[PDB]
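First up is the structure itself, then whatever we jot down about it.
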Amino acid sequence: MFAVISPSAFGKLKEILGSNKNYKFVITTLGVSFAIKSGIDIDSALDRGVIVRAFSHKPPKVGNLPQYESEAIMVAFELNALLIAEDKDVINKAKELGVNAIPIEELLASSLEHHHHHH
């Protein structure tokens, strides 16, 4: 199953990759560009096996969300993938589309470590 990362999840790419693993992590063209412009380590993602998928052109439907998050959602929609998103609205908007967008810490919670419910 693919796991598409939204740009809102950047910086914590190491975390999701190294903890959960087992998914086919995917990042977008605008995604990698976001890392490049801001100066974020996208190489750590590629290093662990995050693939970059770019669609040629697919109409994105979003009103609040910017293109870089949109492309991530779109690619997750395309593949019917797991969407790793930190932004509250990115999660809920992708959820509308039928994409299981979840926060990083929940991706870490589903890392199959089997941790007992602790307080």
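Every chain in the structure tokens takes a letter, A first, then B, and so on in the order presented; its residues are numbered from 1, and the ligands are numbered from 1 following the presented order.
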
Practice problem: Give me every alpha helix (DSSP H) residue in range 37-104 of chain A, going by DSSP on the backbone, as an MDAnalysis selection string. | Solution: chainID A and resid 37:38 43:48 67:79 88:97 104

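All residues of protein, DNA or RNA that reach within 9 Å of residue 30 in chain A, judged by only C-alpha atoms and not counting those fewer than 4 positions away in the chain, are residues 7, 34, 35, 54, 67, 68, 69, 71 and 72 of chain A.
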
Would you mind exporting C-alpha atoms of the selected residues as an mmCIF file, in the first residue's frame?
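Saved result, selection-v4.cif, follows:
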```cif
data_model
loop_
_atom_site.group_PDB
_atom_site.id
_atom_site.type_symbol
_atom_site.label_atom_id
_atom_site.label_comp_id
_atom_site.auth_asym_id
_atom_site.auth_seq_id
_atom_site.Cartn_x
_atom_site.Cartn_y
_atom_site.Cartn_z
ATOM 1 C CA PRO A 7 4.429 18.737 2.726
ATOM 2 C CA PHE A 34 8.695 22.446 -0.915
ATOM 3 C CA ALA A 35 11.578 20.703 0.821
ATOM 4 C CA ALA A 54 4.179 13.068 -10.351
ATOM 5 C CA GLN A 67 -1.284 23.068 -4.607
ATOM 6 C CA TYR A 68 1.554 21.309 -2.800
ATOM 7 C CA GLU A 69 -0.794 19.748 -0.223
ATOM 8 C CA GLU A 71 -0.965 17.292 -5.189
ATOM 9 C CA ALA A 72 -0.201 15.058 -2.192
#
```

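Considering the residues A:105, A:87, A:113, A:96 and counting only C-alpha atoms, residue 12 in chain A has its shortest atom-to-atom contact with A:105.
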
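We find CA of residue 101 in chain A and CA of residue 64 in chain A to be spaced 16.4 Å apart.
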
Quiz item: Nearest to residue 103 in chain A: which of A:10, A:77, A:23, A:55 is it, counting only C-alpha atoms?
Solution: A:10

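Distance check against residue 63 in chain A using only C-alpha atoms: of A:93, A:14, A:24, A:114, the minimum falls on A:93.
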
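For the pair CA of residue 112 in chain A and CA of residue 84 in chain A, the interatomic distance is 16.1 Å.
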
Practice problem: Could you jot down the CA of residue 111 in chain A to CA of residue 6 in chain A separation for me, Å, one decimal place? | Solution: 18.3 Å

Self-check item: Residue neighbourhood residue 5 in chain A, 9 Å, only C-alpha atoms, exclusion window fewer than 2 positions, as an MDAnalysis selection string
Solution: chainID A and resid 3 7:10 13 25:28 31 50 69 72:73 76 82:85

Practice problem: Determine which residues of range 6-119 of chain A DSSP labels as strand (DSSP E) from the backbone of this structure, then write them out as an MDAnalysis selection string. | Solution: chainID A and resid 24:27 51:52 82:84 100:102

Exercise. Give the answer as one residue: which of A:53, A:58, A:118, A:95 has the shortest atom-to-atom distance to residue 29 in chain A, using only C-alpha atoms?
Key: A:53
